[PDB]
Amino acid sequence: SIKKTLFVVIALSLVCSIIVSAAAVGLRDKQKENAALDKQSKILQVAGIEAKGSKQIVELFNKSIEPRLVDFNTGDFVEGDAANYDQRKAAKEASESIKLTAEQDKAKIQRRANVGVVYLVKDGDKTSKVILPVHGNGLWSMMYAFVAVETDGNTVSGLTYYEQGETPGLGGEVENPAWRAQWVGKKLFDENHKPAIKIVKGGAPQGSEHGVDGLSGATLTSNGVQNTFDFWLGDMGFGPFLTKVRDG
Amino acid sequence: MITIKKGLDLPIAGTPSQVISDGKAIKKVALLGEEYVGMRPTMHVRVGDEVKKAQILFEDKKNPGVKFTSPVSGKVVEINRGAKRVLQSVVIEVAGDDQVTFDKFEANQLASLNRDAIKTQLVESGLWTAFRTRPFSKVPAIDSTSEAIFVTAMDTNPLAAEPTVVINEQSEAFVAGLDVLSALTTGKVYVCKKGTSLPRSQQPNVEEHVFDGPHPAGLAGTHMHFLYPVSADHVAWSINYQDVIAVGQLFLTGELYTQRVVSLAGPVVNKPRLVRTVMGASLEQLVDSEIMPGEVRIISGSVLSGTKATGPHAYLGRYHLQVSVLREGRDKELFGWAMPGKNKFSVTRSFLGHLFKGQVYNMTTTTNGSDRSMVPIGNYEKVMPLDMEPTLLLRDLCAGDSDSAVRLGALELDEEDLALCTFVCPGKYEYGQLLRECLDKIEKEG
Amino acid sequence: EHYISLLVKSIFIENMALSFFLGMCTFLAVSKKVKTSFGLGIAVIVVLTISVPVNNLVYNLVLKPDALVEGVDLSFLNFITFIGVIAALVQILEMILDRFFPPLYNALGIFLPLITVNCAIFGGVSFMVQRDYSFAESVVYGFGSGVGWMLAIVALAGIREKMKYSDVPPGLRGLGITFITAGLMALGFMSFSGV
Amino acid sequence: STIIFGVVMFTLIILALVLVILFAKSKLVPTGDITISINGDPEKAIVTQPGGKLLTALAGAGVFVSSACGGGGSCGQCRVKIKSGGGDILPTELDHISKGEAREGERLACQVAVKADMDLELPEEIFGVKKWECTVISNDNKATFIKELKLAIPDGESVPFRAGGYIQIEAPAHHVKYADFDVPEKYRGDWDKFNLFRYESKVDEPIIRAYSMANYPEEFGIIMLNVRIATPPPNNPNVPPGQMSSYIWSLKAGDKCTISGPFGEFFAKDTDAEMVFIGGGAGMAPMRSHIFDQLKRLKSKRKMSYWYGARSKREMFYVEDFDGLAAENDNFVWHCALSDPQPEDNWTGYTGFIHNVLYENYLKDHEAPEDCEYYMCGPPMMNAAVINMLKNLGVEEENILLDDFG
Amino acid sequence: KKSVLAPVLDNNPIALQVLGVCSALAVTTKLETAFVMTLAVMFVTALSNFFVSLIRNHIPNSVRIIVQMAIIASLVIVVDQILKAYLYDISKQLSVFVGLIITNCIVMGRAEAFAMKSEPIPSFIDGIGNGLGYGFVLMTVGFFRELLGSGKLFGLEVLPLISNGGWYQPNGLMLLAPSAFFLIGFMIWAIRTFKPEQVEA
Amino acid sequence: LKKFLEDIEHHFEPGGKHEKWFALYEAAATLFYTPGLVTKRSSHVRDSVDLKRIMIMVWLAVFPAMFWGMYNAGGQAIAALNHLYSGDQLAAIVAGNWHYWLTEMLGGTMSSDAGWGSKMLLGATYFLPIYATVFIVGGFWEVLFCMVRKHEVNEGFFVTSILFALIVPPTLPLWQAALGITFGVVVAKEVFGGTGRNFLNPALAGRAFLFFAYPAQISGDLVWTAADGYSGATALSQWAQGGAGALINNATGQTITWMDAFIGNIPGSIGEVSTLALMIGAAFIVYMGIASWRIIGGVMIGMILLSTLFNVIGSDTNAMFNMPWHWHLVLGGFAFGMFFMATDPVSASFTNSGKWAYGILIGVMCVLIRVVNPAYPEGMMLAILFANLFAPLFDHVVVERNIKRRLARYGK
Ligand SMILES: CCCCCCCCCCCCCCCCCC(=O)OC[C@H](COP(=O)(O)OCCN)OC(=O)CCCCCCCCCCCCCCCCC
Ligand SMILES: Cc1cc2nc3c(=O)[nH]c(=O)nc-3n(C[C@H](O)[C@H](O)[C@H](O)CO)c2cc1C
Ligand SMILES: COC1=C(OC)C(=O)C(CC=C(C)C)=C(C)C1=O
Ligand code: FES
Ligand code: FES
Ligand code: NA
Ligand code: NA
């Protein structure tokens with residue numbers, strides 16, 4: 001009985017789809033907020049702003065953080081929906097991204113978005129700090145980090161690796177609070193306005209201006225971190241933007 | 001013609017002189033039931049019965065029409081039975097000269113005899129039991145036929161007698177036997193021999209094939225694999241040269257020919273040589289006053305394949321043409337496994353013995369170690385000249401994978417074809433028994 | 001070119017069976033015999049090589065966000081679309097084999113019912129959506145994943161057949177030892193993990 | 001808005017998928033009727049629609065195939081010869097069929113699913129099955145748990161069967177109380193020890209079982225049979241009571257039951273070898289036919305022996321008939337040993353189990369125990385133990401036929 | 001009660017049966033994902049069995065699998081939304097294995113073996129029971145893998161780590177694929193030595 | 001000993017007590033004295049070779065490598081200690097490490113003027129505790145399975161214990177050695193029925209367990225020399241960074257020549273460093289017929305072919321592309337794996353044709369992991385374990401071709 005089969009499949013399909021369609025469309029707003037707060041929790045943590053709970057995170061992120069878009073080729077602020085910007089998706093499309101040469105691709109990233117989002121920390125109407133997202137290939141997976149740079153444009157205030165897949169203990173030690181805390185106070189550039197942050201194998205000399213101890217037994221992952229900063233602090237990354245930051 | 005390189009000639013001390021002499025008089029003879037594969041006897045005699053030379057002693061329930069006849073005339077003095085009433089031997093005390101006669105023909109008529117006529121005479125006289133089928137090494141069914149009858153006119157078994165010496169004394173009977181086999185076979189007769197010369201049949205059906213190499217170069221299984229590969233649908237028959245002489249004698253004189261030449265040899269045999277005896281001859285009486293003092297093991301057949309000739313089994317096997325005597329190797333040695341083997345023979349080169357080439361060894365029955373799981377170091381491939389993967393096949397037998405063993409060539413094998421594999425096994429597996437377990441499973445399920 | 005790395009990635013570097021754990025129920029079940037295991041691997045390849053590219057077009061033409069209309073994204077209709085499409089192609093392929101390719105039906109069609117709604121096919125399609133793969137990349141990936149899956153099952157069948165000589169304690173015999181065997185196999189396949 | 005689009009898109013995908021599947025089935029799955037030839041006779045050829053097992057189509061036609069386990073492929077009594085069709089032999093079928101038999105074409109009809117034209121060569125015995133409803137004449141109790149049943153042929157003549165055969169009995173749902181059974185006073189006293197009448201059986205659905213014959217071929221008019229009551233294990237009270245055996249016991253003179261034709265594969269060998277019989281419990285039915293068959297139907301001069309296992313003199317039955325056969329003809333001799341003679345029995349003969357009594361009396365001194373045909377039917381313990389002793393005597397399996405009734 | 005606990009130790013879908021193995025080896029690196037995965041499988045299995053039984057008599061055999069999968073797929077899609085909206089962190093960890101619940105052999109096995117030939121009420125209880133036994137293996141493997149591979153249970157530091165000024169060095173193999181294989185096999189070994197009836201001949 | 005062993009057999013017999021220890025007592029009796037067993041059926045004579053002699057030959061075959069390894073381990077450590085510390089600073093370091101002052105107590109010297117005796121003695125202080133721990137812990141699992149399952153003890157564990165101890169870094173903690181052998185003996189061998197009944201290499205399975213479970217202790221720059229507070233990359237790691245020019249020994253300051261690697265005067269696993277020592281032992285077991293020369297030949301063929309292919313292709317960025325075959329030979333554990341681990345008969349292919357394929361796969365995989373896998377400088381262990389999985393498949397292909405020849409009656 002084809003009529004019987006059509007009635008059950010149609011009726012079952014309609015009722016089941018209605019629940020599915022209602023569930024997905026209705027809960028979409030809640031899903032969007034949940035995804036966002038994860039990034040906001042990291043940005044607040046590197047910014048030095050202590051937050052706890054979704055309500056506190058959302059309230060404090062808006063009050064203290066002002067996401068903005070920046071053009072790498074010029075290092076100048078641009079206008080767009082920064083709060084809803086997905087730099088990763090942009091980097092995958094040639095319209096809003098470029099392909100790096102083998103020599104240029106120090107961080108080993110295949111593509112770099114033409115415009116990337118940055119986050120400014122403001123106690124009041126003044127920007128006390130800027131957070132720059134930097135990523136680079138590790139030994140096992142792409143590693144994404146947040147770097148809090150002070151108004152000077154040279155000193156680094158905070159570091160955090162919020163997405164990585166290196167081996168715990170050896171390469172996953174980028175998450176270790178002691179190792180991250182060592183970056184505070186270091187200078188990204190030297191007197192000649194050139195990248196100067198160096199990951200020192202075996203441990204940087206105490207009091208080093210640009211010396212962060214490498215990950216013990218994890219040279220390959222430590223090499224990736226060095227390549228990340230050697231690129232993103234360079235001309236094709238945030239170098240031009242930090243030059244503007246140094247002068248305002 | 002066909003040269004064999006993969007194999008092993010065991011250099012055991014006490015090789016025979018290869019001169020035919022007269023052995024000790026034999027007053028006791030027996031037929032051994034367990035020697036015939038898959039044979040369930042139907043007894044036709046009782047203890048105290050008088051029998052003639054070629055009178056039937058028992059019949060096979062699972063092979064109707066095959067008659068196992070006496071080798072000698074005399075009295076039945078015992079019927080030894082083992083576990084589950086398994087017939088071990090039917091011992092007959094030799095007395096008298098009565099015999100059952102048969103038709104006799106001139107040598108020029110044997111090739112022209114009708115096939116059914118030949119089968120009847122061979123079956124009635126009991127000489128039909130000389131044939132063994134490959135696969136399964138059983139006596140052929142009365143109604144069956146074979147396109148290939150293999151005559152083993154060579155012996156590469158250690159301490160074996162030279163067939164040429166024996167065949168030369170009975171040239172006419174051997175040629176007469178080949179003519180009978182020419183008419184018996186539906187196809188051809190394969191005379192597998194060494195390079196030396198032997199009497200030849202003028203029939204186009206009889207083809208001479210030369211096999212050179214170590215053991216197993218003189219094994220019927222080896223010859224079949226190279227000339228007529230066998231399967232479930234390609235069955236060959238095997239017969240040794242001395243049985244061929246018996247076949248020729250039967251069709252020339254009309255009488256069962258039971259005289260045989262067997263090599264009495266071994267490290268503990270004072271005068272290793274060829275001796276004339278009778279079928280099923282008592283080995284205890286045959287070796288009397290010929291062995292060194294001590295605990296010795298008398299073996300019907302070769303040390304590689306053969307039956308321990310003790311108690312009810314102390315008689316010459318139907319298919320055995322040699323008697324080997326060895327010392328029992330029960331001595332325990334301190335770190336014996338760790339010594340340089342000047343006097344130790346091995347397929348490997350891990351002992352000093354292999355350096356002293358040409359040396360002979362007083363091998364005993366010692367296992368030279370405990371039982372262990374197979375650790376294949378390539379010993380099996382070194383002694384196996386057939387187109388098979390022995391290690392994989394031996395693993396199938398160990399696991400009892402009957403179907404896999406069939407695919408790998410188990411149906412082509414008899415126990416003796418695996419004797420060298422058993423000899424060289426570091427784990428001390430005994431693959432002949434495992435093969436029989438697999439073959440029995442295939443026959444029953446098939 | 002780019003394709004060879006993708007084909008290599010889906011066979012060795014990425015192993016659908018031993019790394020992503022997909023299709024273990026059938027992978028750990030029909031592994032006993034090499035001949036049967038080889039047939040399933042071929043059947044899995046056929047389904048994978050057809051399932052993934054077909055779903056890739058459906059995803060990019062219907063389910064892709066802002067594709068049919070601007071502002072509407074039917075991403076939630078992902079599992080139902082793939083599972084239904086996969087079920088149809090597997091079911092459709094089996095019937096035609098029994099009607100036009102008798103010999104292929106026994107060799108391949110016999111295993112197709114098992115491949116219906118199998119974790120191996122669904123997971124591969126899901127990864128093809130978790131990423132951005134062109135149609136050419138979808139076919140190369142789909143073919144590569146199946147072949148790599150066939151490598152693991154065929155390898156596990158060789159070990160299990162070799163294990164006929166093993167003496168496994170009761171309790172481990174069968175499923176228990178097989179899980180240990182699969183775990184050991186995954187150990188040796190991690191050589192390409194860093195590649 | 002998005003809700004509307006998803007709802008319609010969901011239906012379109014589902015409808016498109018099913019329509020392809022439904023459309024493909026019509027153009028790829030034939031719906032023609034399946035024709036199966038039985039024994040090559042065009043009249044017996046059966047035309048059946050696709051689907052279902054072979055055991056179902058055959059039953060509807062004039063050929064009935066014996067089946068005990070049913071649609072489970074466990075017993076193997078429904079083996080049929082499939083010359084062509086049916087595909088390869090399933091692995092479960094091999095559990096009850098040897099590899100050599102598979103080459104011939106033996107297959108289980110129930111386990112074989114009918115999906116394509118097949119050729120069958122069912123034998124005459126399976127072909128010649130007739131359904132009759134005999135009338136119960138007598139239902140007297142022969143022993144403590146053994147009843148003799150006499151069946152009157154309804155169509156006249158007599159049931160055609162070989163010695164040692166059996167008839168399948170089918171009954172519908174029925175509730176029977178053990179109190180309804182009628183037992184003699186002699187056996188009632190033993191039954192009063194445990195008061196088995198308390199048990200009540202309620203057969204929910206129709207059941208089919210097998211029952212051996214107890215009448216030799218020359219006997220016409222009455223079909224003697226022996227029935228053993230099915231009761232829960234003494235150590236396992238929490239089991240339902242007998243369903244088919246209990247129903248038969250509830251019947252008396254004038255009752256009717258179906259026999260569904262004869263069946264069986266338990267028979268002797270047409271040779272001159274000595275025959276040995278080991279009966280037990282319900283096994284006395286097939287054994288009795290053999291002795292009667294070999295005394296007047298054939299007037300065989302071969303040696304015949306019988307070894308029945310009994311627990312007490314009350315359990316013994318048919319003793320008077322056995323004495324006459326042994327006395328009238330010396331070729332047949334019967335014996336029985338009591339495992340536990342009653343105080344009043346005062347038995348002065350063999351005492352114990354036939355497991356060791358038979359060996360210590362006959363087989364121990366037997367010159368050719370292997371050269372003897374062995375037939376056994378009795379409790380599994382007696383059967384399993386006896387074969388081991390027979391195996392220790394070098395008795396091949398081919399020389400022993402087992403017809404255990406459970 | 002007996003039916004509820006039957007698929008835990010007597011008829012385990014993963015120890016005795018070989019259903020649901022794909023999720024066992026992937027999410028058992030943490031107890032949070034493992035624990036949440038049991039709830040998803042229990043919820044879908046019980047609901048899918050309940051609904052399939054309701055329309056069992058009216059389901060057409062021609063496209064029955066589609067009907068069963070549509071019911072199962074719809075619930076998993078709903079479960080996917082709930083996880084994304086609530087427990088988003090756990091949702092990200094589960095990766096694509098939430099969707100693979102549809103192909104989970106347990107869900108389809110009970111939808112055909114039981115739901116299609118059973119009353120809806122007991123059919124729901126059968127789904128709950130099967131999900132429980134599925135979670136017994138899932139949580140047992142999750143316990144050892146998280147405890148030995150991270151020193152943590154549900155994210156709570158049970159064994160202090162050397163990297164965090166502790167005494168325990170975590171085992172890296174417990175995080176990778178082989179550990180789940182070995183733990184399940186040894187778990188089957190332990191189960192079958194206390195229940196020899198499940199030993200395979 | 002003979003009288004005592006025979007008399008005490010009554011106690012260990014089933015009638016007497018301690019029957020649970022029969023599998024261990026009988027092992028000691030059979031270990032010291034060959035059994036007096038005689039053949040029960042044909043063949044009535046057997047080859048003199050037994051499993052006990054095969055394993056001891058392999059056990060002796062690695063002795064030259066073991067002895068040099070201890071000497072090299074002490075030499076590397078002593079050189080590094082003097083290069084890092086001097087004077088009272090060295091004395092405190094020597095006083096704070098039981099390996100150092102135990103060598104001083106027994107007559108050695110930690111000073112740079114130390115001879116071969118002190119270096120070998122110091123290396124022993126590292127090797128022996130590892131070997132003792134591996135032997136005792138692994139032996140415990142062997143006896144436990146045999147006792148519970150009523151099996152007779154097997155001598156194969158002698159090779160597994162020695163090989164596992166010779167493929168770990170000198171600094172490996174003992175508690176990790178116990179776990180590594182436990183995984184290799186139990187998970188890889190015992191659950192499959194013990195020696196001759198498994199498919200994976202036990203010693204390498206144990207090393208792989210430590211390789212992936214505790215990578216920090218079996219990789220990096222702090223584990224391949226036993227000088228506390230010393231950091232030094234091995235030759236394979238150095239080549240991956242800067243090619244042949246980076247091959248430098250920092251402790252001694254001297255360039256690492258091919259001869260140095262060949263002789264084994266380099267940091268690494270105790271036992272692998274000296275290719276010359278391994279070849280000497282490998283020659284004996286290969287000559288004796290215990291180790292398959294087809295596997296060894298296949299490994300060499302696979303290594304030379306792929307490495308030469310990498311040489312021709314070239315790579316301006318990956319220095320491992322330009323490493324020649326003869327440098328691949330004397331670096332890492334290639335020599336040890338090829339001779340003493342790839343030749344494990346149970347885990348290798350059982351067909352002669354398969355052995356060639358089995359070895360070629362091993363050689364190809366090792367170079368592949370070495371060259372194109374950034375994470376792992378060496379891949380011999382991983383290559384062999386990978387090859388073990390496919391060894392049964394090579395046999396299956398060969399055997400199926402044999403079966404096709406047979407069903408055609410070999411063209412007869
Ligand atoms: C196969 C079994 C398992 C493997 C076992 C391997 C054991 C290795 C043991 C190594 C011992 C080496 C001893 C060599 C003695 C000859 C010394 C020599 O020729 O070299 C000289 C060298 C430097 O000389 P120096 O120490 O400075 O003393 C002279 C000062 N004017 O050195 C010396 O002068 C020697 C200083 C050290 C003397 C040590 C003597 C006692 C301890 C060593 C034996 C015990 C080893 C541990 C137990 C092993 C048991 C198997
Ligand atoms: C030539 C040879 C090589 C062996 N190599 C190894 C090895 O690499 N690892 C190991 O654990 N055992 C080794 N063994 C011992 C034993 O054969 C091995 O553990 C088997 O896998 C046990 O079945 C070897 C034995 C021989 C004779
Ligand atoms: C071959 O001989 C063997 C022994 O001999 C005494 C052992 O004790 C043991 C047991 C060892 C320990 C430390 C318990 C093993 C494994 C062994 O192989
Ligand atoms: S009815 Fe039982 S096997 Fe078919
Ligand atoms: S859970 Fe069954 S195949 Fe994935
Ligand atoms: Na070296
Ligand atoms: Na590498």
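In what follows, chains carry the letters A, B, and so on, assigned in the order in which the sequence lines appear, proteins first and then strands, with residues in each chain numbered from 1. Numbering of ligands and ligand atoms starts at 1, following listing order. Just the heavy atoms: all of them, side chains too, but no hydrogens, waters or symmetry mates, feed the values below.
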**Student:** Using the side chain to side chain contact (heavy atoms under 4.5 Å, CB included) rule, pick out the option among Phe21(C), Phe27(C), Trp149(C) that qualifies with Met16(C).
**Tutor:** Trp149(C)
**Student:** Any idea how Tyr71(F) and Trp68(F) line up, ring-wise: parallel (<30°), tilted (30 to 60°), or perpendicular (>60°)?
**Tutor:** tilted
**Student:** Answer yes if the ring centres of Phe263(D) and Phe64(D) are under 6.0 angstrom apart, and no otherwise.
**Tutor:** no
**Student:** Should we say atom CD1 of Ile208(D) is surrounded by more than 12 heavy atoms from elsewhere, each under 6.0 Å from it?
**Tutor:** yes
**Student:** Output the distance between atom CD1 (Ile102(E)) and atom SG (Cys119(C)), rounded to the nearest 0.5 Å.
**Tutor:** 10.0 Å
**Student:** Could you enumerate the protein N, O or S atoms under 2.8 Å from atom 2 (Fe) of ligand 4, written like residue then atom name?
**Tutor:** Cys69(D) SG, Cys75(D) SG
**Student:** Could you tell me whether the side chain of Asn72(F) and the main chain of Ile266(F) form a donor-acceptor pair under 3.5 Å?
**Tutor:** yes
**Student:** Pick out which of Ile89(D), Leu54(D), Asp88(D) makes a side chain to side chain contact (heavy atoms under 4.5 Å, CB included) with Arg107(D).
**Tutor:** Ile89(D)
**Student:** Would one find more than 12 heavy atoms of other residues, nucleotides or ligands at under 6.0 Å from atom CD of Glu170(D)?
**Tutor:** yes
**Student:** Using a cut-off of 2.8 Å, find all protein N, O or S atoms closer to atom 2 (Fe) of ligand 5 than that distance.
**Tutor:** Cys25(C) SG, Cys105(E) SG
**Student:** Measure the CD1-CD1 distance between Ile45(C) and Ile42(C) for me, rounded to the nearest 0.5 Å.
**Tutor:** 4.5 Å
